[PDB]
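We begin with a single chain expressed as structure tokens, specifically the form deposited in one PDB entry.
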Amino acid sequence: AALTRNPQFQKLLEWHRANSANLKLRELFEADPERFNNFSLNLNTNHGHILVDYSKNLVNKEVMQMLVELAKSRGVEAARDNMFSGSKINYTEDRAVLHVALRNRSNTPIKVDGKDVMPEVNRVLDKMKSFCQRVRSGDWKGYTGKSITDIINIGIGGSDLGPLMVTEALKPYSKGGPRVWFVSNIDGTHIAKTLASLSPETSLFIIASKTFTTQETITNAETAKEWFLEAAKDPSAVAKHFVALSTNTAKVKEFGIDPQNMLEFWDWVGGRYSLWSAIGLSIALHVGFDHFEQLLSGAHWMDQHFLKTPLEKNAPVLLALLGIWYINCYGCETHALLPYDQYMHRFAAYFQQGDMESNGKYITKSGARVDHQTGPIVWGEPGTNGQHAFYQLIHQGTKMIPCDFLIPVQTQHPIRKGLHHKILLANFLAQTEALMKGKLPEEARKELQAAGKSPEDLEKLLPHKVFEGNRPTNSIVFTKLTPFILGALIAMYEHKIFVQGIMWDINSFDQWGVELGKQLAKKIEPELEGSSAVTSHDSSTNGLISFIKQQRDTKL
């Protein structure tokens, strides 16, 4: 595997072995009054600032230099330039990787197979803009002559998580827009509970699927169409109530939607990088096309920051390198995303797909099996909720857990003259300070002494009250969570993921690991029908099927 054979990596690992035990965050800060200044980036986007403070990490000047040299030796800059120029860097599928084209506001040509993609990107955006105007204005009418009140996105994974997360995060920008609903699970609860609250006369369905063959999405779409036709009783009315977002015109036609009712995207748009494309239609419908364009513009700003900045001062590069340090040198399995923002409640779930489906890989570009760790398990809940759930384990468990804490300076709801946001900010700051500093036995002893505890009760309680500290965090703070800033943040993590994949020599852009489960499910489907025993699998699968058939008709 290319990483472990790399001499710059071996140097880093050797240094970690010899010296890492001596790194103490409390002491790093005491020895260096300039530590924050030297280990943070303050990015002025001209539409707000993003501060990436990486000073509370187990690093020094030497470590950062070694990490930057490693990025250089792994060819990160050339790989990046190849992505942006439309090279077919998705080598297992022989595809370009061009989510950066979707938000290329500059309109500089990007060629695939000698042909500029920007005219077709811009054509679809124009069509999206026109459609959003028609629906949001009340002009677009349903089959009984009423304006649309509800938009229902039907899709799963990449066709669900982005639009859901973004509409949730940008909820204050949705005033006067139609309601949005997301249906994703094949579990019939999902579509049933949604349809229960809706009228066929005023509901517009958006069928979102790159392939247009995904079982959950097509089944859900068929159920929706059946519910719709039971009321409308007119096949021609489908064109007023269903729109398709796909690359696969043939399958869209087969489902019963005309290409005029389809907004297209392309094979070089990965599903988990797709919200910037036609897949973002439900975002644009909910918040308006203007705000959708600002989302794209913010991503574009971050794209240019990634493209043009020297590695040592490049935000997604530094984030990627810190992650490699913890993954490949410290062996940490996980990475927590902890946004102190209730609107961002689905941000961590989004990056579960974005990170884990990209970099949860084990074969390199050479065909070699990796002999090192690749992508981490991503998880998290918004602050302050998480503090009262799982921070006990972060402070006093036995796992090292790199955390990114995120927060806007300005709240969308400055209620009680700012009291709530003041408290929120205080907790944001205090938690990373606590994780860094800890509490020494001598400090805990004095607290117990002052609390009026007896020598007997004191000694029994003391060790439980000690915080070992030295737990590293990033703090990412931004002026306000606007559409533009959100776009910049999402793109920043997209590029972090890219940099890590290149350093591991894996393909961040394929997903062969989902195929086997789909195949085995198609085999089991027919076996569930009827009351005969199944014997064709291992004894567990067979036994679970027996239980299902036995318990099917028990009237509880």
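Superpose the two forms; the largest set of C-alphas matching within 1.5 Å is the rigid core. Residue indices: 1-based, along the sequence shown.
- Taking the PDB entry as given, 261 to 269 carries the higher mean Cα B factor of the two stretches 353 to 361 and 261 to 269.
- With 133 to 141 and 435 to 443 compared on mean CA B-factor from the PDB entry, the stretch scoring higher is 435 to 443.
- The entry assigns its greatest Cα B factor, within the set 72, 422, 372, 99, to 72.
- Remark: of 284, 224, 112, 192, 112 shows the highest value [criterion: C-alpha B-factor in the PDB entry].
- For residue 128, the recorded CA B-factor ranks within the middle third of the chain. Only modelled residues enter the ranking.
- When the modelled residues of the chain are ordered by their C-alpha B factor, residue 309 lands in the highest third.
- Compared with the other modelled residues of the chain, the Cα B-factor recorded for residue 79 ranks in the middle third.
- Annotation for residue 91: CA B-factor lies in the highest third of the chain's modelled residues.
- Placement of the Cα temperature factor of residue 345 within the chain: lowest third of the modelled residues, per the deposited record.
Missing here is the form deposited in another entry; even so, the following discussion is about that form.
- Compared between the shown form and the other one on the core, the listed residues 297, 247, 411, 223 keep their C-alpha shifts below 2 Å, save 247.
- In the core-superposed comparison between the shown form and the other one, the C-alpha atom of residue 257 has shifted by at least 2 angstroms.
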